[PDB]
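Chains as they are written, first to last, in UniProt numbering: chain Y, 1128 to 1224; chain F, 72 to 155; chain G, 109 to 215; chain Z, 1 to 171; chain E, 3 to 559; chain B, 3 to 76, 118 to 221; chain X, 840 to 1083, 1092 to 1118; chain V, 1342 to 1453. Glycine included, every Cβ here is placed at the ideal spot set by N, Cα and C. Below you'll find the structure, written out as structure tokens, and then a few comments.
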Amino acid sequence: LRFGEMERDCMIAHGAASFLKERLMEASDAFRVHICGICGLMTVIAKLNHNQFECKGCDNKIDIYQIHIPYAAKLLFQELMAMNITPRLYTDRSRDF
Amino acid sequence: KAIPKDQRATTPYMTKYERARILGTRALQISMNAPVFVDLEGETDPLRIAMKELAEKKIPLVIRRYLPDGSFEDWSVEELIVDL
Amino acid sequence: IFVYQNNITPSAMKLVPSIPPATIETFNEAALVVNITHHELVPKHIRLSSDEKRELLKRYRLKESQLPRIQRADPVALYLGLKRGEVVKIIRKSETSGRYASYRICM
Amino acid sequence: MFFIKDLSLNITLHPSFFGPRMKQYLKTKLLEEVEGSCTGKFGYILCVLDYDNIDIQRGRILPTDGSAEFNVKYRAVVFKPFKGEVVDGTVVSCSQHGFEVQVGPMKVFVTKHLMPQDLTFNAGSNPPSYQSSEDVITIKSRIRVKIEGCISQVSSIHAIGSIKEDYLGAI
Amino acid sequence: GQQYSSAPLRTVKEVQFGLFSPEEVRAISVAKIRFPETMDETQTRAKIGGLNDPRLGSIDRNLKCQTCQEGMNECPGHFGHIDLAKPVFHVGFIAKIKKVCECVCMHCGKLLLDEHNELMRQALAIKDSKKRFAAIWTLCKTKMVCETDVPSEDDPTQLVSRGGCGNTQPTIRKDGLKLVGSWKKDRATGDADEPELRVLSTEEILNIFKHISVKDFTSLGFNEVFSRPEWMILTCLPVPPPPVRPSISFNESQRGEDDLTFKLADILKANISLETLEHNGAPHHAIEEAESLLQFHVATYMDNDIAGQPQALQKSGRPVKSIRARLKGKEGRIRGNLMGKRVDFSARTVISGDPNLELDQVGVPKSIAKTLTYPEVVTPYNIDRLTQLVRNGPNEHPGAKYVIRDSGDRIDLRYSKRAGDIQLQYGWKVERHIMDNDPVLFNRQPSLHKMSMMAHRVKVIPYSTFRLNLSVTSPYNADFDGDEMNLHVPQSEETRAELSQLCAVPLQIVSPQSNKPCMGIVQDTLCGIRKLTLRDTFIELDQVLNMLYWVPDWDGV
Amino acid sequence: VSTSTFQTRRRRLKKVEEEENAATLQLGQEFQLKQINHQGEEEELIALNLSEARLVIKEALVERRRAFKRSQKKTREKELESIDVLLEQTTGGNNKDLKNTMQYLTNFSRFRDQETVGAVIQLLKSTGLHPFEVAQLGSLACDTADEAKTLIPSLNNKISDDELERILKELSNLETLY
Amino acid sequence: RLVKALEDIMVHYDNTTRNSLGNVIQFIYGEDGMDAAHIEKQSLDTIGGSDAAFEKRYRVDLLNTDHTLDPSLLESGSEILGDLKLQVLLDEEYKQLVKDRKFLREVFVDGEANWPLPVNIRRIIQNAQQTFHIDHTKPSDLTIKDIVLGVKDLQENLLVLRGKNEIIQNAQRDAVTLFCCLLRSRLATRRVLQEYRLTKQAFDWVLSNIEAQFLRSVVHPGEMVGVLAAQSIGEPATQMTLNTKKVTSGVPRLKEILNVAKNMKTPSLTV
Amino acid sequence: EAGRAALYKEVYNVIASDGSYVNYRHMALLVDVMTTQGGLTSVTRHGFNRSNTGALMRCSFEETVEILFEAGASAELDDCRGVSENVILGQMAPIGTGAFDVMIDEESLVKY
DNA sequence: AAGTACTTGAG
RNA sequence: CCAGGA
DNA sequence: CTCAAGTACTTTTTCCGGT
Ligand SMILES: Nc1ncnc2c1ncn2[C@@H]1O[C@H](COP(=O)(O)CP(=O)(O)OP(=O)(O)O)[C@@H](O)[C@H]1O
Ligand SMILES: [Mg+2]
Ligand SMILES: [Zn+2]
Ligand SMILES: [Zn+2]
Ligand SMILES: [Zn+2]
């Protein structure tokens, strides 16, 4: 079934934070990428099993993280990338406020 | 930067959401064969076990209440009033 | 304050920022015929001191940004001669609380 | 060199360990991971100092799973070699190519050519040795090496070292 | 299921937008991307080491990816690239590109106005990256001469020389994908009187942009790290991997390549043409022809629905689906795949009311209950119960569909040669049928209300309809003229609590929308309630005893 | 997951420059002079001379054996056996690196006693020399001011030739017999 | 549009109503800091009636042989006569009630006494009467100090904002203003003794319940009030369609309003 | 300030025209929201959707691709504070249940 | 269509 | 896309 | 340099079998 915007909206109204995350992830989309901690993109050549990580063109075989995002988001990011836009994903802050 | 216990201002009562999240979290923990801090009086459902732990105030969790600036007040489930 | 009848030439208006730290204000006599502050819908605005503002922002953990804004051109901002950054405390009667106080930072 | 370094490791504990011997399980899991470890950033993390005062901090419960994550702040002895570092070590292996010297947890390999000319290989000795005009270098001999360069290799760090310059060689 | 990775798990705290420097594209790229040909290594059905896997992502489902060694559900896509024979404008930036030329000198790359002008220093003061650029533009668009000497920040009789270059600036206007200028000239003071009319080449705008100072371009929107103006012009093109443009691979030996896979070959073909044209005997006009075609293909690949009408339309008349089109709201990425998704653990049927259900319960047909499943953890408290549900299998009502091992690999009780002899170990998971009293999210679209989605107690019943209490009718805006409703099953002990504790039907009784109850007695019950309570209306013992018994909580008095 | 520090520096996109490490006293980012302890205070680099190092680990594991047996309630060749035994008691055993390190330290230590290492540490940390030089002067047995100035090429102009030769005398005197 | 504009708005842990920028929208949710579910339309008696009938209802004058509380009302009735010290309290009381009336008349210009407020006081008193079996004959065991000060004390415990400073405490004062007018109006000395006939215990219980009921009524930090507001304005309008002077109104006027339509359909003045 | 009072007066009258009662607070919030910026902020893509919220958040309503293009061009940094952004990211939003954090205290754990 | 924002050209 | 359902 | 008409852009409820 489509859990629509209107449907999301009520869950937001209830404050059912985890419930919404579960509908949008666990019970749909839900995917795992490996992102680079320097150029915050899906670049990582994660040969998990061999435990090799790497991001050639960062030369980063160390500073790497795994994230759980909707596959559609993985997709959106790859689509924006193909259109020259870099949606750099970062696992820490800098701005504060 | 974390507000000291003797400088806290947030409600001394537990929010509807705090209670729900506490009961959820404990149930999810108890369910994963976590140790129970109460006498199960024949109890088998983890939500009911959590309700019981919440009633005896034997839940070892702390609610970190963030203020819009980023600062926060830590509150024990033991110290929060449950008028809900 | 300069209360003019019809207009002030674009020539004369260029002499307004000429004398700091002193400030100048233009006022069309016709706008002034009726006091807007007297209207039913216009609530009690109050200019805050440099100290009072400091406290407001400290007391709510605010950045200057986060405060509801008032335009510099705002009729009431002009009436009080509000300068950019000055905060007004607005006291309105509430159908819910009886009395509610808002604050607006100058634009 | 050989440093004492302030470090911190994020550990994720499963709810089944939310017993009162928790800090204890955490203190050990830290040692399991951290102790013995070898990174390029910090070198060999050899021994965690002050077990009694390891800073556990408060554990944050991870939303959809039950587990709690703690940033285990701590202090330990590390060994990080550099180029130019003059090290004393013991010989371990010996070949027509050179000899490996054991420097703490690390091995420094001295090339046939990174040695003075006088010192030459001898296959006809047990174990094979490097025979100089007056000197003899073999498996138990203590050497003073100058580290020429380092290579960070997974669970280790290796190095090529010289004994050609003044004040280096056998001790 | 996805496999264990030693990499630390984190959350995305910040998204840092920016533009791709050609160097980054080449750096991150696992292949270039030389041949329009998808595959068939000289007809041999396998990917070509040239387009769509010249190291890239992966097809076949069998056969792992060539770069990471993962394969299909694990392998994200891998990026590639195409070195474009000539620079081209990114469709999306065409006006920002124009607006920049409008602000900067078309010869030296200096801002057409600076610190010396009063309105300029005032506008440069603007903190807002977008508002500052806005004010700089309106100010500079009219400065038609790069100033060598300008009136000093004192007496205008003595003129301070800012930057050099005298050069007259063009009056730029867009001719769809092309940026053309019109320099006023001077000729016997009059001119224009017919001005210098010439098109500004991508490469010249590029070289001017390249020469715009950090402090200069940084005063305009731009950021020296993440987005320099020179990156609004495309030199090296990223090639999205197969997961972005999958082939709808019908039958064994048959393609079915995606629209983007075509548009890329179109670009690739246009690029090879231009490359050979310039490297060979360059017939000059033939180049400015094959250039503008590659500019079109690179433009239409990102946005096909452009003002200057010709839609890049597929051989079928039907137009090519641009990346811009893929993301445009309601259906399509943001609004249709992210803001809303199709979900698992969802059920829907015709609703019909029941006066014998409790306010907070929902009648669930056995078939629906037998399909929907909650994943319960094998714990000593329920180990025995769960072992019976597992014995019962997926066909009996109180039964189970799957058993999840430590290994994470599902046991299908429907087939598993070991569905009988199956000894549950703690920490496993039994995916059991939805049972009487489970909390479930019940919903009726519209969903105008917060109340249009409430939590209910499961009640497994016969007959294919969802049964609901009549008083609960109002919030949903449900009736029984053929209305259908949706059911969502939470899977966590945590989300279960979220429903039970926050969105349960009894909690929703009093609405904050109006500060009054949103549920009351209706229809039969309301009609009969009047009838029952007139003075006139008396009841004999026989019936009074049945009415009394009917109240489930009657004191027995 | 792997270990992090106290140096937080925001390397946003800007990958590199990574200058080589030397006896130009140009150690890593991590191994620079101005460190920060978990208390947030600016602290100096802690470099140990193998013996200053042997006594740290020895102490640490000894005090770990105390904590371990509490929570379980309800002459060089001879020091080598003594140490290899304490490792089997407190350490993972899988940690071969510590076993090597402990033996190397036991065989290569210049000062056997805490009191001896105390005075070494006093004598040296009064030169103003950087933790590395100060430790290298402790772990390398040098006679000529040249021997020391050659092996620790950073010292170069930092100390007097005579002063260093004066210090080298005292380190040789302090040098615990085996 | 209403949802996307308001989505990110919620009550924070300082009772402030902020968006995703932490910009203050409302300083306290709905000017009072109460959850809408907990509110009920109540009558502010004090607002209307003749100035004459107001006095008869509220005024106690222990120094007047006709305007005292009869010894039928309370046990002290006899000894309470001419007590100058107590007549000071009853004067503060009645002068505060008159203050209240003139203030309410400023807020509610037409004299609308019926306003939705938290804690249904009518019910509390009703409940006390059946709970304690109020003898509408027997005199109360209340003191003037028991009532007068008891009310004054309960008022200090009606907590919406907790901060220890002038801005917050003056904001707490403000937030509670109107509720208190009602509270003082319903718990005046004459009213309590003559009308309700409450015993000391009954009164104590009334007070405790007002306190509890009040605290329960305040909004919960986390309440996603943005979406709530959108749907609460939205939903009506959507059914106002889907189901069965001449100025533009309904759906098109609403469309006019949200769009901030410059060239509006029926611009009208009211002089 | 008077603009706000007028705006509410005018909104209330559309709702009350139908007869239907909506609690003050909801209308007040909307009215306040449009107001706070310093003038009349439209409930359109020209109003709120062009405020300084996060790129991902604003792109979710009306101008989408165009919003994201300007995000890349000006090197916009998304705070990731808005509901919408966490929905897009598949994270627990800081909404109700997610407005605070849960911690285990070893102190309290050892006490029981 | 329908509006409004933004940009254009005449006076 | 067309035809339908609340 | 201010003024007007003209062109540019963007959108229009939610969910649910046959060619
Ligand atoms: N096109 C539509 N879009 C969205 N919701 C709709 C809809 N049509 C119907 N609905 C939903 O279904 C209800 C419509 O009921 P209908 O089957 O049209 C009979 P009605 O005209 O509402 O009442 P009636 O039969 O007593 O005259 C609405 O009030 C609404 O919630
Ligand atoms: Mg119907
Ligand atoms: Zn990278
Ligand atoms: Zn791959
Ligand atoms: Zn120039």
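For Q1070/X, go through chain Y and note every residue whose CB falls closer than 9 angstroms to its CB, in chain order.
In chain order: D1136, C1137, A1140.
Heavy atoms of ligand 1 versus C-beta positions, residues under 6 angstroms:
Listed by chain position, these are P448/E, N479/E, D483/E, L1081/X, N1082/X, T1083/X.
If the criterion is Cβ atoms closer than 9 angstroms, does the pair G872/X and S205/G meet it?
Result yes, Cβ atoms of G872/X and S205/G sit closer than 9 angstroms.
Let me check you understand the geometry: is the CB of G183/E closer than 8 angstroms to at least one non-hydrogen atom of ligand 5?
Outside the cutoff, so no.
Just to be sure I understand the criterion: a residue counts if its Cβ is closer than 6 angstroms to at least one heavy atom of ligand 5. Which residues meet that?
Here the list is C107/E, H109/E, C110/E, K112/E, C148/E, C167/E, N169/E.
The region 104-119 of chain F contacting the region 1162-1170 of chain Y, beta-carbon criterion three pairs below 8 angstroms:
They do not touch, by the three-pair rule.
Could you name the residues of the same chain whose beta carbon sits closer than 6 angstroms to that of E89/F, not counting the 5 residues immediately before and after it, in chain order?
The answer, listed in chain order, is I134.
Determine the DSSP secondary structure at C94/Z, reduced to helix, strand or coil.
It is a strand residue.
Spatial neighbours of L925/X in its chain, beta-carbon cut-off 8 angstroms, leaving aside the 5 residues before and after:
Hits under 8 angstroms: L901, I919, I983, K984.
Own chain partners of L151/F with C-beta closer than 8 angstroms, once the 5 adjacent residues on each side are dropped
Within the same chain, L151/F has close Cβ partners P83, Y84, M85, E89, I134.
Spatial neighbours of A48/E within its chain, please: CB distance less than 7 angstroms, with the 5 preceding and 5 following residues excluded, ordered by chain position.
Closer than 7 angstroms at the Cβ level, and outside the excluded window around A48/E, lie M41.
Using the DSSP secondary-structure output, state which residues sit across from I120/F in a beta bridge.
Here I120/F is not bridged, per DSSP, to any residue.
Residue from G94/E, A314/E, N282/E, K452/E with nearest C-alpha to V1406/V
Residue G94/E holds the alpha-carbon nearest to the alpha-carbon of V1406/V among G94/E, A314/E, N282/E, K452/E.
Quick check on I336/E: does DSSP put it in helix, strand or coil?
Looking at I336/E - three-state DSSP - the assignment turns out to be helix.
Between the region 1171-1187 of chain Y and chain B, which residues of the former have a C-beta closer than 8 angstroms to a C-beta of the latter?
So the list reads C1185, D1186, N1187, given in the order they occur along the chain.
Measuring straight from C-alpha to C-alpha, what distance separates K1188/Y and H158/Z?
So the two alpha carbons sit approximately 18 angstroms from each other.
The alpha helix (DSSP H) spanning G1065/X covers which residue range?
1064-1081 is the span of the alpha helix (DSSP H), which, as asked, contains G1065/X.
Looking at the unbroken beta strand (DSSP E) that takes in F1042/X, where does it start and where does it end?
Per DSSP, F1042/X lies in no beta strand (DSSP E) segment; the continuous alpha helix (DSSP H) that holds it begins and ends at 1039-1056.
Under 8 angstroms Cβ-Cβ, which residues of chain V neighbour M215/G?
By Cβ distance, chain V contributes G1379.
Checking the sheet assignment: what are the DSSP bridge partners for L239/E?
Per DSSP, the beta bridge partners of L239/E are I84/E.
Can you round the beta-carbon distance between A952/X and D884/X to whole angstroms, since I take them to be within the 8 angstroms contact cut?
Indeed, because the Cβ distance is near 7 angstroms, the residues count as touching under 8 angstroms.
Do the region 36-51 of chain Z and the region 68-86 of chain Z meet, that is, are 3 or more Cβ pairs less than 8 angstroms apart?
As far as the Cβ criterion goes, the region 36-51 of chain Z touches the region 68-86 of chain Z, which means the pair count is three or higher.
Just list the residues that DSSP pairs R68/B with in beta bridges.
Secondary-structure assignment with DSSP links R68/B through no beta bridge to anything.
Best match in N445/E, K176/E, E360/E, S8/E for proximity to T204/E [C-alpha to C-alpha]
Nearest of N445/E, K176/E, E360/E, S8/E to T204/E, Cα basis: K176/E.
So the candidates are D85/E, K265/E, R57/E, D260/E; which of them puts its Cα closest to the Cα of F298/E?
Ranked by Cα distance from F298/E, the options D85/E, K265/E, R57/E, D260/E are led by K265/E.
Secondary structure, beta strand (DSSP E): runs of 3+ residues fully inside the region 1373-1451 of chain V:
Counting only runs of 3 or more, we get 1442-1445.
How about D261/E: is its Cβ closer than 8 angstroms to a heavy atom in ligand 2?
No, Cβ of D261/E sits at least 8 angstroms from all heavy atoms of ligand 2.
Quick one: is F228/E near chain B, going by C-beta distance under 9 angstroms?
Interface with chain B (9 angstroms Cβ-Cβ cutoff): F228/E is included.
Does DSSP put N225/E in a helix, in a strand, or in coil?
Three-state result, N225/E: strand.
Can you tell me whether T1170/Y sits near ligand 3, meaning its C-beta is under 8 angstroms from at least one heavy atom of the ligand?
Distances from the CB of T1170/Y to the heavy atoms of ligand 3 include at least one below 8 angstroms.
Within the chosen definition, does the region 7-25 of chain E reach the region 226-239 of chain E through at least 3 CB pairs nearer than 8 angstroms?
The answer is yes - the region 226-239 of chain E touches the region 7-25 of chain E, with three or more Cβ pairs under 8 angstroms.
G178/E versus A309/E - alpha carbon distance
Cα to Cα, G178/E sits roughly 8 angstroms from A309/E.
From the beta carbon of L15/B, is the nearest beta carbon of chain Y less than 9 angstroms away?
The beta carbon of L15/B sits closer than 9 angstroms to some beta carbon of chain Y.
Measuring alpha carbon to alpha carbon, tell me which residue in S152/B, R66/B, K60/B is nearest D127/B.
The residue from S152/B, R66/B, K60/B with its alpha-carbon nearest to that of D127/B is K60/B.
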